[PDB]
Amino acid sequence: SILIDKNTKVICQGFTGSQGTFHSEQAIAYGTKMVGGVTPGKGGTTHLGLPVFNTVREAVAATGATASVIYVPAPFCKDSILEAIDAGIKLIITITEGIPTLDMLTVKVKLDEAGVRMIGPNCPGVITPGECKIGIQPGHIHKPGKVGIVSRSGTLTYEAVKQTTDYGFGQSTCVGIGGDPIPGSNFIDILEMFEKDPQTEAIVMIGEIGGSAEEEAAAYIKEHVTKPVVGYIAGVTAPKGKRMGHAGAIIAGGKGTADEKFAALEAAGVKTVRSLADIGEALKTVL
């Protein structure tokens, strides 16, 4: 598995907010080791039976959490993320949607310099089935297994999860890198983790229109990934220069079409699949 496991201790920033509350209950029910949360102004109270801290540093000192999940509204995210980096958190999962691109631009530079790992933003999070769930993905369609999944999209990932569970393959870890233009982690970062994780035997890469992460990931896969990779790109029928829901799902300057991505992946030897319903079939093939 990668990123998280049964031992990962997690705090939640925006813990007392609606989504923070709701998804923390879900994580708790899954067995995730939520050890507390942060909500400026509510330090010293308890919520979902866990302590609430005014700051992430108080949270970290009190609990030893190394991972933080963020459900803080976009206007305060940069602040939240930087606070977590500064408090020593090593893994940040930012669920938040709508973070200004320029904010992520700066945060991404910080994350890299500080050696902090961030999944997101605008992503569903991470789940190592059986051991840990951080985010919003449903843990009821997952099955401990051997397929590693990386995706720029929540819902599509779920399809792939359903198929890899239905085929008995199961998932080592699911990572939703999010739909924003500048994510904390991209395909290549996650691909390298799956390649180096004994438990992951095959990888499902789910991309979509916009940017060139998939193309770069392709070149990377060709040269540094030996495990089989099945890929699927959404947006073959998407118009150019139009945001398709995800802030990052936009074909800018005619570059980053689904076809170009499919093509680049095929060239690198990735098993692409034109229909998202055939991801399970394609895995069976290469396994």
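Just count from 1 along the sequence shown to find any residue number.
Chemist: Got a sec? Mean C-alpha B-factor, which is higher, 54-62 or 240-248?
Modeler: Between 54-62 and 240-248, it is 240-248 that shows the higher mean C-alpha B-factor.
Chemist: As stated in the PDB record, which stretch has the larger average Cα B-factor, 37-45 or 250-258?
Modeler: Per the PDB entry, the higher value belongs to 250-258.
Chemist: Which one of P73, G135, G176, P100 shows the top CA temperature factor in the record?
Modeler: Top of the list by C-alpha B-factor: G135.
Chemist: Check where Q26 lands among this chain's C-alpha B-factors and tell me if it's the lowest, middle or highest third.
Modeler: Middle third, going by the recorded CA B-factors of the chain.
Chemist: Quick one: classify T272 as lowest, middle or highest third of the chain based on its Cα B-factor.
Modeler: Its C-alpha B-factor belongs to the highest third of this chain's values.
Chemist: Could you look up the Cα B-factor of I95 in the entry and say which third of the chain it sits in: lowest, middle or highest?
Modeler: As the PDB entry reports it, the C-alpha B-factor of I95 lands in the lowest third of its chain.
Chemist: State the tercile, meaning the lowest, middle or highest third, of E113 with respect to the CA B-factors recorded for its chain.
Modeler: For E113, the deposited C-alpha B-factor lands in the middle third.
Chemist: Should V147 be placed in the lowest, middle or highest third of its chain by the C-alpha B factor in the entry?
Modeler: Middle third.
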